[PDB]
Structure formats: structure tokens, C-alpha cells
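In: Quick one, fold the following:
(chains A, B, C, D, E, F, G and H, ligands or ions: 3)
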Amino acid sequence: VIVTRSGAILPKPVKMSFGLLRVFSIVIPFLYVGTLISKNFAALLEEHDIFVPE
Amino acid sequence: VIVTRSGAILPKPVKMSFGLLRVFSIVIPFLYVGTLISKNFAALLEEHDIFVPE
Amino acid sequence: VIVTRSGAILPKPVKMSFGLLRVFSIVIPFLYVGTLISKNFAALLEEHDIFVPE
Amino acid sequence: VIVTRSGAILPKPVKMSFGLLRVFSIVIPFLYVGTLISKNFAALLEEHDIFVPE
Amino acid sequence: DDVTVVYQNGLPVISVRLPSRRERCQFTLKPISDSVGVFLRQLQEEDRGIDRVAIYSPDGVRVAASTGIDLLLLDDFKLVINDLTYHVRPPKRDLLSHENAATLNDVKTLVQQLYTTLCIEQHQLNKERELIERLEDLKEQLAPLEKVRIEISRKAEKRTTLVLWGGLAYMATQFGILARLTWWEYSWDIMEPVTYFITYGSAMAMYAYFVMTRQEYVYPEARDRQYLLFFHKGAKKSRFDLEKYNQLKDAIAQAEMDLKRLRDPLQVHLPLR
Amino acid sequence: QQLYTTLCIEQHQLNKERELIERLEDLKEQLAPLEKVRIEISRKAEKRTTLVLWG
Amino acid sequence: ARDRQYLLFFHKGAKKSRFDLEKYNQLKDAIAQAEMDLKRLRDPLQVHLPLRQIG
Amino acid sequence: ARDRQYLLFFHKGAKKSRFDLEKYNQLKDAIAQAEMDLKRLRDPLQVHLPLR
Ligand SMILES: CCCCCCCCCCCCCCCCCC(=O)OC[C@H](COP(=O)([O-])OCC(O)COP(=O)([O-])OC[C@@H](COC(=O)CCCCCCCCCCCCCCCCC)OC(=O)CCCCCCCCCCCCCCCCC)OC(=O)CCCCCCCCCCCCCCCCC
Ligand SMILES: CCCCCCCCCCCCCCCCCC(=O)OC[C@H](COP(=O)([O-])OCC(O)COP(=O)([O-])OC[C@@H](COC(=O)CCCCCCCCCCCCCCCCC)OC(=O)CCCCCCCCCCCCCCCCC)OC(=O)CCCCCCCCCCCCCCCCC
Ligand SMILES: CCCCCCCCCCCCCCCCC[C@@H](O)O[C@H](CO[C@H](O)CCCCCCCCCCCCCCC)COP(=O)(O)OCC[N+](C)(C)C
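Out: Numbering: from 1, shown residues only, chains lettered A, B, ... in the order given. Ligands and ions are numbered 1, 2, ... in the order given. Sharing the structure here:
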């Protein structure tokens, strides 16, 4: 919807300040942390040779 | 919702007569038609020496 | 929404008693039932030489 | 819905002038542009001995 | 056999058995804009083999050929054709238009309306002055609780914000894990089954959510549900009397609604509600 | 004005309700023939959309 | 989507048949107006309560 | 879909037990109408009753 039933225009939508920066500042470090714990878990599995890529 | 503005109950929902039959009487024949279409199209593609899997 | 037409707070949502228990007491048993069903059906198809995993 | 609060019928749905033509005049040229982008990037990557499939 | 009368879509219809053509002829007739005369004319025009026709009251006195049909369908009657006399009993119907003779109760309610018209001005004039006082009374009783509610809902908002950003961080770290596994350690033909079963497990969890909370898993709705839970569980650590707060808010809203509904008839001089 | 309205509003509303009944009974009678054409059109308009769904 | 397609089929079958849809709508809105008026007139005539305003 | 299935189950049980749903619905609507115009008579703004 754009206008009110009487005809007036709806108020301006609220916009988060620096949202596009906060989103990447949350995405990037946790993505790197995921890659880190994935590498470490794979290396720990390889040490004991529980699963090898064969 | 299950009740109106007062405590009244909404009417019984309309149910199609012979639903599953009218569905499966139009699903299966068209699966067969699609099988036939695909078989004939593959045969024609192999006939024109275009696509031969090997 | 979190407030009524007036500035009053909506009541707390009804929470199912022991939700995770009642969920994981019906997810795990049927997951094991499915595992054993697939195992038995595949061994049955292997004994009659209808589909062999090569 | 197909009727108003009374028994009146809703007005005719406002169609777009030459809608399917106007959408296929946008889909196809940009499709070919994306094809060109992909070809040029793959060629640039393979020329500099970065990624070679085989 | 006999004659029947039924109301369909607000119009009465009567099924007559006719002598010359032994066929149950139906007549759809309006009760207000027609009389008995036009009904007898319709009968004669339909048959043209009936010698005469007349309607009688349940006692035997003939009913006039000018009474409206709405005046007739109240009680039973008799319809006599040249050889047969059918006792027609209309369907049970109570009232037509609420137009009848005068009654002392009408005069009493008229005098009541006159007295109300004479005193309602001075009644509402100081009822507004009392409502504007009660409104301030209720509003000053609420000032100490509003800041406490603000301090509770600030912590509730802060916890909902933590939950949202944590969900985003989780679905980012899952992407990171799977991207590291599929290209550095193992191959994609090993990680495709895992990544399909992750999707199916998520699709199953989104349905268990509905089974458990009785509502579909939509983002702003789960967010509002968790905000309400955080708020109501944070009001226990403060002994916040939410009943009093809700009662005060409802009473203030009702008082303002009464003032708004009452003050406009005092400005433009129109009826109240 | 309010007093005069109070004195002569029941008889006026009775005449109004009688006129409204006489007018509704004529509006429905005038609408009666168009309903047949409406239904004959809506059946053809619904058959083709059931055809579209099944297709 | 089903309702939109049904409306397009109806507004084509009504043009093919030359059905006075405008008169039909303006006649079905007047029956609605007169019944809302009859519903309003129930208060001051049966329960002796003040009439409800428009809206 | 859950609401639709619940309504189907409720109306099958009501038919199996011969509940006479129409009178119940009519009584609910009549109670919804009888207490509406009663709180409309005890209106704190209009002087319809003594003891104000
Ligand atoms: C930063 C400062 C902010 C502070 C306050 C703001 C300041 C206020 C300013 C006041 C007003 C200023 C007036 C403006 C002046 C002029 C006005 C005018 O005419 O237009 C303005 C006008 C509106 O301006 P506005 O008034 O500020 O309101 C718009 C707000 O943005 C709408 O905001 P919103 O809050 O309503 O919500 C929107 C929100 C919505 O949120 C998001 O969109 C999400 C944000 C980012 C994603 C988050 C996570 C994603 C997951 C990624 C995975 C991680 C990495 C993976 C790595 C793996 C490796 C291991 O953000 C966005 O939409 C951001 C834009 C992103 C859309 C682009 C999507 C396309 C993707 C293309 C990439 C494809 C790559 C994949 C393929 C790879 C292989 C083939 O501009 C627009 O056109 C807006 C519409 C959207 C356009 C998007 C794209 C347009 C191009 C922009 C970039 C240009 C460079 C790119 C070139 C590339 C070409 C090839
Ligand atoms: C790689 C290995 C593993 C990877 C995993 C990595 C994990 C990382 C992420 C961790 C996730 C954590 C969970 C968070 C979820 C959301 C949290 C949340 O809602 O809040 C919880 C909680 C409270 O919120 P709430 O409203 O009270 O929650 C109550 C309700 O029950 C309200 O309930 P509701 O009805 O509103 O709905 C909620 C309900 C919604 O329902 C669900 O979530 C549905 C879940 C059903 C799952 C269905 C099954 C899926 C099928 C998968 C099958 C796998 C099979 C694999 C094996 C087969 C072979 C392949 O869920 C729950 O409440 C349950 C907890 C959420 C769990 C998330 C479930 C996700 C699915 C994962 C399960 C699958 C695991 C299998 C994997 C096994 C692999 C072998 O947060 C807090 O407030 C914590 C407070 C701490 C206590 C003390 C208070 C103060 C503490 C602060 C101290 C600091 C301040 C210092 C002092 C300063 C002052 C001076
Ligand atoms: C600051 C960082 C610190 C982090 C530590 C904070 C700790 C907070 C705890 C973390 C909470 C985790 C919340 C996870 C919820 C987000 C995951 C979800 O949004 O992603 C979905 C994938 O995840 C799965 O759906 C799992 C969902 C789990 C079911 C609910 C479990 C948790 C609900 C409990 C309340 C959470 C409220 C949060 C609402 C946003 C998207 O899948 P998609 O296909 O694209 O969606 C389909 C379209 N829908 C959404 C409209 C239906």
C-alpha cells in the first residue's frame, strides 16, 4: 500500500543507519571462523586417520 | 480461523467429489505421454546424427 | 505486533510443555524405523537379483 | 475474490501493453551479454595460466 | 392436491392446482405492490376456463378485492374456485413493517425523547468536563510505570537484536564451513549428500516449529514472538504488575474515545455515535 | 430544531421504511432477468479456468 | 492468479455477448444500499434506540 | 490446512452426534445482538436511564 484510505501519503520508511556495513562486518569474520574450524576439524580427523579422502 | 466474531462456527469446507480419482486420472496418462514424447525425441535426435550418447 | 490498539502489551505466547522432548521422541524413532526399512528392502532386492549395486 | 461486498463484479484486470514482448526483449539480449561476459572471463583466466580444466 | 405458499429470495410464490389444465401452476407475486384483485386476474388469465374465483377469511366473510397481499398472508384463508375450496395456510410469519395502530407506550417513549432532548445538552456539557478530569487523573497515575516499562522493553529489544544477528552469523559460518570442505579438504561428490540433507533437515525444523508453536515460521512473526517471550520473562525479574498497566492503558484509550465521540456532536451539532 | 426533529421522526421513519420496502421489491424484480445472463456468462468463464488449472 | 484469469475470461465473454455489466453493477449496488438502510432502521423502530450514523 | 482439517473433523463429529448446529449458531448471534444493544442502552453519555 502507498496511500492512506483518506488519500494522504504513508510516512517515510525507516532505514537502518549503515546497514550495508554492519551486515558485511557480521558476515565476513564468522565466515572466516567457519573456514578455520572446518580446516581444523578436517586436519584433526586426518591425524588419527579416522577418515581419509582415499 | 475456526469461529466467527461471535462464538458461531464456520460452515463445512467444500470438498470436491472424487478428488484423488480425478487427480490420478490425469496425472498418470500424462506421465505416459511424456515418456513417449521423450523416447521419440531421443530417437529422432539419434536419427539426424546429432546427439549420440557414448 | 507487540501492542494492541492502545499501548498495552500482548500476553505471553502459549508454550507447549516439553516441546523439544516431544519432538525428538518422535523424530529419532521414526528415523531409525526408516533406516531399518531401507536396509531390509535393499537386502531383499539383493537376494532376488533384481537390482545389484556394482 | 471475484465479487465486491455486494454482488457487483470487479473491474477488468489492467494488462500491460505488449507485456510478453516487452519481457522477451529484455531477457534474451542480457542473456547473450552474460554469455559474452562468461566467455571473455574464461578466456582471460585460461590465457594467463591460472585455471585450465584439463 | 392442495395449495402451498413459500417465500424464496424475499418474494412469495403460491402453487395452485387448476381445473381445466391439471398442472401445478406457480405464481410469484409481490406482497406490497399488488392486491387480491390482480391475483384473481392472473388466475383467470392463466386458466380462462374457471367460472369464478374468490378469497374468504377463515370465518366466512369475503375479503375485499383491494387489500394488499401483505395484509392477507398474515393469517390463513380460503380460496374458492367455481367448484373447489382450498384452505390455504401461509407460512408462519410474525411482522411485516412495524406499522400498526398507536399505543400508550409510543406516547411514553415520545415524552422520554422530549425530556432527553431538553436535558442532554447540559448533561454532556459537564460530562465532557468530568471526562477531561478523569483523563488527567488516569494519565498521572501512569507516569511512574511508563519508564519502568521502557527499561524492560529496552532489554527485550536488545536481546531480540542479539538473536537476529546471531542467526545471521550462524548461517554465515555454515556457508564458511561447507565452502572450506567442498574445495580444500574433500571434493563436491562427497559434500553434495551432506548439503542436501542439511536442506531437508532445515525444511523439517521449519515444520516442527509450526507443530510446536501453532503458527507458521515467518521472520517478523517469530521475531515478535521471541520479543514477547523476552519481555514477559523479564517482567518476572522486576515484579512488574502488567495487569495494572494494561488496565490503565485500556481505561485511557476508552476515555479518549469517549471524549472524541462526544465532542464532535458539540462542535458540528450532529447525532452522537 | 432538535425538538421539532424529536416530535416528527417516528412517522417520517415509518414512511421511509415503507418506501424502502416498495423500492427494494422493485429493484429485485428489475434485477431478476439479468441474473440469468450473468450465470450463463459465469459458467462459460469458469469452465475455461477449470480447463486452465487441469492443463 | 486463478481469480485474475477468471475475471479476464468473464470480461471477455461479457463483451462477446454484449451484456450490460454497468447496469448490473449499478443495480446490485442499490439493493445493497437499500438493505443497509433497512438494517439501520431496526434500532429506532424495534428497540427504540437512537439511529446509527452513516459509517 | 490445519484449520480446514479441524473444521472437517468437527463437522463430521457434529453430524455423527446430531448436534443441531443451526440453533447453536442462531443463539450465539442472538446473544451477540442482545448484549450489544443492552450496553447501548446503559450508555454513560446519553441519559436513557435514571441513577446517573
Ligand atoms: C552505506 C551508507 C548508509 C547510511 C545511511 C544511508 C544514507 C542515506 C542517503 C540519502 C539518500 C541518497 C540519495 C541517493 C542519490 C541518487 C539516488 C538515485 O537515483 O538512486 C539511489 C537509489 C536508492 O538509494 P537510497 O535512497 O539510499 O535507497 C536504497 C537503499 O539501498 C535501500 O536500503 P534498505 O535499508 O531499504 O534495504 C536494502 C538493503 C537490502 O539488503 C541487501 O541487499 C543485502 C545486503 C548485502 C548482502 C548480504 C550478505 C550476502 C551474502 C554473500 C555471501 C558472502 C560472501 C561469499 C564469498 C564466498 C567465498 C568463499 O541493501 C541493499 O539493497 C544494498 C544494495 C544491494 C543490492 C544489489 C544486489 C545485486 C547483487 C549482484 C552481485 C552478484 C554476484 C553473484 C554472482 C557470482 C557468480 C556469478 O539506488 C538504488 O538503485 C537502490 C536500489 C537497489 C540497487 C542495487 C544495485 C544498484 C547498483 C549499486 C552499486 C553500484 C556499483 C556496482 C557496479 C556493478 C555493475 C556490474
Ligand atoms: C557441527 C556440529 C554441530 C553444529 C551446531 C552448531 C551450533 C551453533 C549455534 C548454537 C545454537 C543455539 C540455540 C539457539 C536458538 C535460539 C535461542 C533462543 O531462542 O533463546 C534461547 C534462550 C532463551 O529463549 P527462550 O524464549 O527462553 O526459549 C524458550 C522456549 O522453549 C520458547 O520456544 P518456542 O516455542 O518459542 O520455539 C523455539 C523452538 C523452535 O523449535 C525448534 O527449534 C525445532 C527444533 C527441532 C529439530 C528437528 C529435527 C531436525 C532433523 C535433523 C536430524 C539429524 C540426524 C543426524 C543423524 C543421522 C545421520 C545423518 O526451539 C527451542 O526453543 C529449542 C532450542 C533451539 C535449538 C535450535 C534447534 C535447531 C535444530 C538443530 C537440531 C538438530 C541436531 C541434530 C544434529 C545431530 C548430528 C549427528 O536464550 C537465553 O535467553 C539464554 C539465557 C541464559 C540463561 C541465564 C540468563 C542470563 C544469561 C546471561 C549471562 C550474561 C550476562 C552477565 C550478567 C550481567 C548482568 C549484571
Ligand atoms: C552477535 C553475534 C553473536 C552470536 C551469538 C548469539 C546467540 C543467538 C542464538 C542463535 C539463534 C539462531 C537463530 C537461527 C534462525 C535463523 C536461521 C533461518 O533464518 O535461516 C533459514 C534456514 O534455517 C532453517 O530454517 C532452520 C530454522 C530453525 C527453525 C526455528 C529454530 C529457531 C527459532 C527460535 C526463535 C528464533 C527467532 C529468530 C527469527 C529470525 C532460512 O532458510 P530459507 O529456505 O531461506 O527460508 C524459507 C523461507 N521462510 C523463512 C519464509 C520460511
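In: which residues of chain E fall in helices?
Out: All helices of chain E, identified by DSSP state H, fall at E:36-47, E:69-72, E:104-180, E:188-213, E:219-234, E:242-267.
In: Could you dump those into JSON lines with mean neighbour count added?
Out: All C-beta spots, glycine's among them, are computed from the backbone N, C-alpha and C. Compiled in JSON lines, these are given as follows (neighbours: other CB atoms under 10 Å in any protein chain shown):
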{"stretch": "helix E:36-47", "mean neighbour count": "15"}
{"stretch": "helix E:69-72", "mean neighbour count": "18"}
{"stretch": "helix E:104-180", "mean neighbour count": "14"}
{"stretch": "helix E:188-213", "mean neighbour count": "12"}
{"stretch": "helix E:219-234", "mean neighbour count": "16"}
{"stretch": "helix E:242-267", "mean neighbour count": "15"}
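In: how about those, which one is nearest ligand 3?
Out: With distances scored as CB to the nearest ligand atom, the stretch of the helices of chain E nearest to ligand 3 is helix E:104-180 (2.7 Å).
In: burial count for the residue of chain A found nearest chain D?
Out: Nearest residue of chain A to chain D (CB to the nearest CB) works out as residue A:5 at 15.1 Å. Look at residue A:5: counted by other CB atoms under 10 Å in any protein chain shown, it has 6 neighbours.
In: where does it land in three-state SS?
Out: coil (DSSP: H, G, I helix; E, B strand; the rest coil).
In: And whichever residue of chain G sits closest to ligand 2, how far from chain F?
Out: Across chain G, the shortest distance to ligand 2 (CB to the nearest ligand atom) belongs to residue G:1, at 32.8 Å. Distance of residue G:1 to chain F, computed by CB to the nearest CB, to the nearest Å: 9 Å.
In: ok, now residue E:44?
Out: Between residue E:44 and chain F the computed distance is 22 Å (CB to the nearest CB).
In: phi, psi of the closest residue to that residue other than its chain neighbours?
Out: Distances taken as CB to CB, 6 or more residues apart in numbering or on different chains place residue E:50 nearest to residue E:44, at 6.2 Å, with adjacent residues excluded. With angles defined as degrees, to the nearest 10, residue E:50 sits at phi -100, psi 130.
In: nearest to residue A:12, of the helices of chain E?
Out: Ranking the helices of chain E by proximity to residue A:12 (CB to CB) places helix E:219-234 first, at 19.4 Å.
In: Please state the offset of the closest one from the chain centre?
Out: Between the centre of helix E:219-234 and the centre of its chain there are 30 Å (CA atoms, centre = their mean, to the nearest Å).
In: now check that helix, is it near ligand 3?
Out: Yes - if you take CB under 6 Å from any ligand atom as the test, helix E:219-234 does meet ligand 3, through E:219, E:222-223, E:226.
In: if we can go back for a sec, ok, the residue nearest to residue E:44 - how many residues close by?
Out: Neighbour number of residue E:50 under other CB under 10 Å is 16.
In: need the helices for the chain, in chain order.
Out: Defaulting to chain A. Along chain A, the segments classed as helices by DSSP H run A:19-47.
In: Please refer instead to chain G.
Out: Taking DSSP H, the helices of chain G run over residues G:2-16, G:21-40.
In: Can you name the residues in contact with the first one?
Out: Looking back up the chat, that one is helix G:2-16. Contacting residues not belonging to helix G:2-16 are listed as D:1-2, D:9-10, D:12-13, D:15, F:41-42, F:44-46, F:48-49, F:52-53, G:21 [CB atoms under 8 Å, 6 or more residues apart in numbering or on different chains].
In: Please repeat the previous calculation with a cut-off of 7 Å.
Out: D:1-2, D:9-10, D:12-13, F:41-42, F:44-46, F:48-49, F:52-53, G:21 (CB atoms under 7 Å, 6 or more residues apart in numbering or on different chains).
In: repeat for stretch E:51-69
Out: Residues contacting stretch E:51-69 (CB under 7 Å, 6+ apart): E:29, E:31-32, E:34-37, E:39-40, E:43-44, E:72, E:75-82.
In: now swap in stretch E:216-231 and tell me
Out: For stretch E:216-231, the external contacting residues (CB under 7 Å, 6+ apart) are C:1-2, C:9-10, C:12-13, E:152-153, E:156, E:159-160, E:163-164, E:206, E:209-210, E:213, E:215.
In: same thing but 8 Å
Out: C:1-2, C:9-10, C:12-13, C:15, E:152-153, E:155-157, E:159-160, E:163-164, E:206, E:209-210, E:213, E:215.
In: Stretch E:237-250 now?
Out: Contacts to stretch E:237-250, defined as CB under 8 Å, 6+ apart, come from residues C:4, C:6-9, E:138, E:141-142, E:145, E:148-149, E:152, E:232, E:235.
In: Leaving out the residues flanking it, which one is nearest to residue E:195?
Out: Closest to residue E:195 by CB to CB, 6+ apart is residue E:178, at 6.1 Å.
In: What separation do you get for that neighbour and residue H:2?
Out: Distance, residue E:178 to residue H:2, using CB to CB, to the nearest Å: 34 Å.
In: tally of neighbours for residue E:13?
Out: Counted by other CB under 10 Å, the residues lying close to residue E:13 total 14.
In: can you pull the contacts of the most far-flung residue of chain G relative to its centre?
Out: No residue in chain G sits farther from the centre than residue G:48, which is 28.2 Å out by CA atoms, centre = their mean. Each residue near residue G:48 by CB under 8 Å, 6+ apart is listed here: residue E:109.
In: Any idea how many residues pack against the nearest residue in space to residue E:173 that is not next to it in sequence?
Out: Of all residues not flanking residue E:173 in the chain, residue A:34 sits nearest, at 3.6 Å (CB to CB, 6+ apart). When counting by other CB under 10 Å, one arrives at 22 neighbours for residue A:34.
In: circling back to that earlier point, is it possible to export the helices of chain E to CSV including distance to residue C:23?
Out: Formatted as CSV, the helices of chain E follow (distance: least, CB to CB, whole Å):
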stretch, distance to residue C:23
helix E:36-47, 72
helix E:69-72, 66
helix E:104-180, 19
helix E:188-213, 5
helix E:219-234, 16
helix E:242-267, 30
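In: mind checking which of these is nearest residue A:24?
Out: Residue A:24 lies closest to helix E:104-180 among these, at 10.0 Å (CB to CB).
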